[PDB]
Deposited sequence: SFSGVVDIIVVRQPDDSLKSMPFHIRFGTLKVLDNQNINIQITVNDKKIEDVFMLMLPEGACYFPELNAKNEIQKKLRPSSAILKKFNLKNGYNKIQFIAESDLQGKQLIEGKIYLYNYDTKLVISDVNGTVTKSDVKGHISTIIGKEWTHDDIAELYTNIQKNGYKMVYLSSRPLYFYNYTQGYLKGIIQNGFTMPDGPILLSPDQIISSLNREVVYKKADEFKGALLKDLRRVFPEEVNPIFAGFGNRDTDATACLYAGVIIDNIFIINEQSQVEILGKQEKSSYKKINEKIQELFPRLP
């Protein structure tokens, strides 16, 4: 079973509060739950914050409801998040489970802070980064020129956000795969990898995930600027999360990219040649 943390996204609101996507963390070692979880951010222990763990291993933030019952939240309150002292962009986060039977267990992940006016560019992974869409060696072929293109998008002030639909067992493999791609010296820009909630079982999926992401930003901005996919269902998911059809790019197994709005056939190489037109520099 999985041991780790699905990358976490946090957005600062214009009233200075913080909203986050759900925290999905799992301790694989821990077995006999019949346990308190502490947090460190950028190598600084966070005081007065703790999570608890369910029998199946998923962790939560305990939060009282108005009936004075403990509710099990995956999304912490803004006051808790403020205690993280997050920096804009990438932050290191560690969760430490203390058990009297199994001792201290540690997992490490990634937590990103964006502002309310940050613009995101979504990329599917399988078939969109990889060429084709359980036995693996990380040698999946990658469409040509995607690293240079995404590098240049990031350089213009957008943030790449990756989307995986693979079972949670592959989550760490997907992170390693993306960070090892090198193409003509170019690499894939660091960013969070979101995971479809169907793959995180506990107690239309891509569309729900992106609407969740859109909704940690305020309603009066459109935070998802563009999206890269390889199936018609990818396009639908982006449209219902606020992407304009002109900014949805759908690639096939021949690495032909259709720019849906202009009904134009292109490629990552050509899109890169037109980067200032299609991904204009943000101030």
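- Unmodelled regions of the deposited sequence, numbered from residue 1: 35 to 37, 137 to 141, 212 to 222.
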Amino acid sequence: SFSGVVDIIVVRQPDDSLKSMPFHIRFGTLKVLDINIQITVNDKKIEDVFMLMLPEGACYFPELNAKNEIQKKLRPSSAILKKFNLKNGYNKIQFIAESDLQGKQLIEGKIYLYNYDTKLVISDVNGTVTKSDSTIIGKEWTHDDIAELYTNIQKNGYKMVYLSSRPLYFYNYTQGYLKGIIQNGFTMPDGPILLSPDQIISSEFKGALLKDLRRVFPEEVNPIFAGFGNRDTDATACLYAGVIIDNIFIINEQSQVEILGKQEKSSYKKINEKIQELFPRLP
From here on, numbers count along this sequence of modelled residues.
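- Looking at 21 to 29 and 7 to 15 together, the entry lists the larger mean B-factor for 21 to 29, computed on C-alpha atoms.
- In this crystal structure, the stretch out of 187 to 195 and 124 to 132 whose C-alpha atoms carry the higher mean B factor is 124 to 132.
- Of the residues listed, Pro223, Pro62, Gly229, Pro55, the entry assigns the biggest Cα temperature factor to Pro55.
- In this structure the maximum Cα B-factor among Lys92, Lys73, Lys159, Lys139 is found at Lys139.
- In this PDB entry, the Cα temperature factor of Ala66 sits in the top third of its chain's modelled residues, the highest group.
- In this PDB entry, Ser202 carries a Cα temperature factor that places it within the highest third of its chain's modelled residues.
- In this PDB entry, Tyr169 carries a Cα temperature factor that places it within the highest third of its chain's modelled residues.
- The entry lists a Cα temperature factor for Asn115 that places it in the lowest third of the chain's modelled residues.
- Split the chain's modelled residues into thirds by C-alpha temperature factor. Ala235 is in the middle one.
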